[PDB]
Amino acid sequence: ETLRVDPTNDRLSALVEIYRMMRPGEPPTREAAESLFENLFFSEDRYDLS
Amino acid sequence: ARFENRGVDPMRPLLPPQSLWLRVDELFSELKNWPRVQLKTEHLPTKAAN
């Protein structure tokens with residue numbers, strides 16, 4: 001049912017939606033979205049479980 | 001590259017560039033429809049129309 005309620009089928013619009021919910025406005029690109037999502041949870045710099 | 005760079009963002013989606021532009025092969029086809037001159041900065045050896 002989460003797949004049904006999701007308005008997203010492909011990954012780029014998913015990263016767009018992530019970009020918009022993190023920061024509204026400022027019309028996104030691909031690379032800003034991929035950069036933001038990759039540094040959000042997968043960067044050793046800005047995210048670190050001890 | 002710009003098109004899929006902004007092939008995101010359901011706020012202002014875009015048409016595929018095939019309508020707003022020719023393709024390169026489409027150009028080089030229509031460039032066989034007109035008598036054409038090519039000026040270039042070196043020495044071609046020898047042939048007719050040259």
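S.K.: For the pattern of salt bridges, give the residues involved together with the corresponding values.
M.R.: Any two side chains of opposite charge can pair, on the condition that their charged atoms come close. Taken as a whole and assessed by the stated rule, the structure comprises six salt bridges over all chains. The salt bridge involving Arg23 of chain B is made with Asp25 of chain B; its shortest N-O contact spans 3.6 Å.

S.K.: I'd like a description of the interface of chain B and chain A, backed by residues and values.
M.R.: Each side of the interface is counted separately: chain B has five residues, and chain A has seven residues. Together chain B and chain A conceal approximately 620 Å² of surface at their shared face, both sides included; 57% is due to carbon and sulfur atoms. Per-residue buried area on chain B facing chain A is highest for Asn5, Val8 and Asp9 of chain B; these three make up 61% of the total on that side. Scanning the region where chain B abuts chain A turns up zero salt bridges. There are two residue pairs in polar contact connecting chain B and chain A.

S.K.: How would you summarise the packing of aromatic side chains if you had to cite specific residues and measurements?
M.R.: Residue and element names in this part refer to chain A. This structure, assessed with the given rule, holds two aromatic pairs over all chains. Aromatic side chains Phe37 and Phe42 sit 5.6 Å apart centroid to centroid with 65 degrees between the ring planes, which places their arrangement in the edge-to-face category. The class for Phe37 is partly exposed, based on a relative accessible area of 25%. The interplanar angle of 55 degrees and the centroid separation of 5.6 Å between the aromatic rings of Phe41 and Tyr47 together place this pair among those described as tilted. The class for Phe41 is partly exposed, based on a relative accessible area of 47%.

Cut-off values and rules
- Residues numbered from 1 in each chain as written, not as in the entry; some residues may be left out.
- Chains lettered and ligands numbered in written order.
- Part of a larger assembly, values for the part shown.
- Heavy atoms only, no water.
- Salt bridge = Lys/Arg side-chain N within 4 Å of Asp/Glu carboxyl O.
- Contact = heavy atoms within 4.5 Å.
- Buried area = accessible area lost by both parts, 1.4 Å probe.
- Polar contact = N/O pair within 3.5 Å; in protein donor to acceptor, adjacent residues only side chain to side chain.
- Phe/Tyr/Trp six-rings, centres within 6.5 Å; stacked < 30°, edge-to-face > 60°.
- Buried < 20%, exposed > 50% of the residue type's maximum accessible area, 1.4 Å probe, protein only.

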